[PDB]
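The structure under discussion appears below in the form of structure tokens.
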Amino acid sequence: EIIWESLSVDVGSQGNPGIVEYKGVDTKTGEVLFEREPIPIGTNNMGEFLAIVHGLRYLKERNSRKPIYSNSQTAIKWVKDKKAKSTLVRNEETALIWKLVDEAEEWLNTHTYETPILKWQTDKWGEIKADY
RNA sequence: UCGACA
DNA sequence: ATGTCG
Ligand SMILES: [Mg+2]
Ligand SMILES: [Mg+2]
């Protein structure tokens, strides 16, 4: 009951808050389909969220109906809500991540999608394929 | 008072 | 250690 015909996304960091990156992979093959350049300060949950939204945009642009897997219950909720409820402080070091979060929410509020966003069941299936 | 996902 | 929700 793993839907192999899917995109898996995940965050990586150094610190939390700290340097954040994320990527998207083909769940079947492991092939890296997109990878974001490291953002100097952000949170895990912000990155998990940006990964999902990147994935929605990636699949939409390519007319793909594949679902997206994420391991992040937080991010899955933020995407469903179109709203990332982060605590991270706003200052000049966090301005970049907060601009990207704001632009992701804005994309969600201006586009449609029917991509199923699914929880990757780590406890049964091991680490998601996009794990760092 | 936790439980869970990262 | 921290970020987040049920
Ligand atoms: Mg994750
Ligand atoms: Mg991971």
Side-chain angles (χ1 to χ4, degrees):
Chain A
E1 76 190 59
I2 294 181
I3 300 177
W4 289 97
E5 191 173 309
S6 61
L7 175 67
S8 289
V9 303
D10 208 12
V11 73
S13 81
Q14 177 179 298
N16 178 34
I19 299 173
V20 167
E21 69 190 325
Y22 57 77
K23 70 184 182 271
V25 304
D26 180 308
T27 302
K28 175 147 45 170
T29 74
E31 192 193 345
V32 177
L33 272 6
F34 64 79
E35 180 155 27
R36 170 60 173 78
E37 172 184 301
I39 298 148
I41 309 286
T43 69
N44 65 330
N45 294 323
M46 286 174 138
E48 295 278 17
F49 170 79
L50 296 179
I52 297 173
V53 180
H54 200 106
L56 289 169
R57 297 179 65 165
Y58 178 92
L59 294 175
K60 188 175 183 73
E61 181 64 32
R62 298 165 175 69
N63 295 135
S64 176
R65 281 173 61 79
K66 285 173 187 190
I68 295 169
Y69 278 114
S70 169
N71 64 18
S72 176
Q73 40 175 55
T74 293
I76 289 172
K77 188 187 189 292
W78 292 356
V79 174
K80 176 183 143 210
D81 294 343
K82 307 188 169 74
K83 182 71 189 191
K85 199 178 178 64
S86 190
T87 66
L88 179 65
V89 68
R90 302 179 175 266
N91 64 43
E92 304 184 19
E93 210 173 340
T94 73
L96 176 45
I97 202 150
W98 270 119
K99 172 158 99 79
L100 297 162
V101 171
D102 285 354
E103 290 167 355
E105 291 169 354
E106 195 62 29
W107 190 87
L108 298 168
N109 281 311
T110 51
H111 296 73
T112 56
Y113 62 87
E114 44 252 293
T115 308
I117 299 169
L118 310 170
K119 176 73 174 61
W120 179 262
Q121 298 213 285
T122 302
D123 61 346
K124 302 162 163 164
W125 312 331
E127 290 270 18
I128 196 168
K129 301 257 298 234
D131 182 51
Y132 282 78

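Residue numbers start from 1 in every chain, and the chains themselves are labelled A, B, ... in the order their sequence lines are given, proteins ahead of strands. Computed from heavy atoms alone, side chains included, the values below leave out hydrogens, waters and symmetry copies.
Dashed line: the shortest gap from a side-chain N or O of A/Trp78 to OP1 or OP2 of C/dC5 is under 4.0 Å. Between A/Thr122 and B/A6 there is a side-chain N or O to OP1 or OP2 distance below 4.0 Å.
Look at CD1 on A/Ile52: it is 12 Å from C1' on B/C5, rounded to the nearest Å. When the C1' atom of C/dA1 is taken as reference, atom CG of A/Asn16 falls 9 Å away, rounded to whole Å. If you measure from atom CE of A/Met46 to atom P of C/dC5, you get 12 Å, rounded to the nearest angstrom. For the pair A/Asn71 CG and B/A4 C1', the interatomic distance rounds to 13 Å; values are reported in whole Å. Rounded to whole Å, the distance from CG on A/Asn45 to P on B/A4 is 17 Å. If you take CG of A/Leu50 and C1' of B/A6, they are 15 Å apart, rounded to a whole angstrom. When rounded to the nearest whole Å, the span between CG of A/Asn44 and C1' of C/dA1 equals 12 Å. At whole-Å resolution of the value, CD1 in A/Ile97 and P in C/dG3 are 13 Å apart.
Between the side chain of A/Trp120 and the main chain of A/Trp125, no donor-acceptor pair closer than 3.5 Å is present.
If you check C/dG6, B/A6, B/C5 against the side chain of A/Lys77, the one that comes closest is C/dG6. Here the nucleotide nearest the side chain of A/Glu48, chosen from C/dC5, B/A6, B/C5, is B/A6.
A distance of 9.5 Å separates CG in A/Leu50 from CH2 in A/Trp78, rounded to the nearest 0.5 Å.
Residue pairs meeting the side chain to side chain donor-acceptor pair (under 3.5 Å) criterion with at least one partner in residues 19-30 of chain A, sequence neighbours excluded, are A/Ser6-A/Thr27, A/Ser8-A/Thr27, A/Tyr22-A/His54.
Counted within 6.0 Å of CD on A/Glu5, heavy atoms from surrounding residues, nucleotides or ligands total 12 or fewer; the atom is thus considered open.
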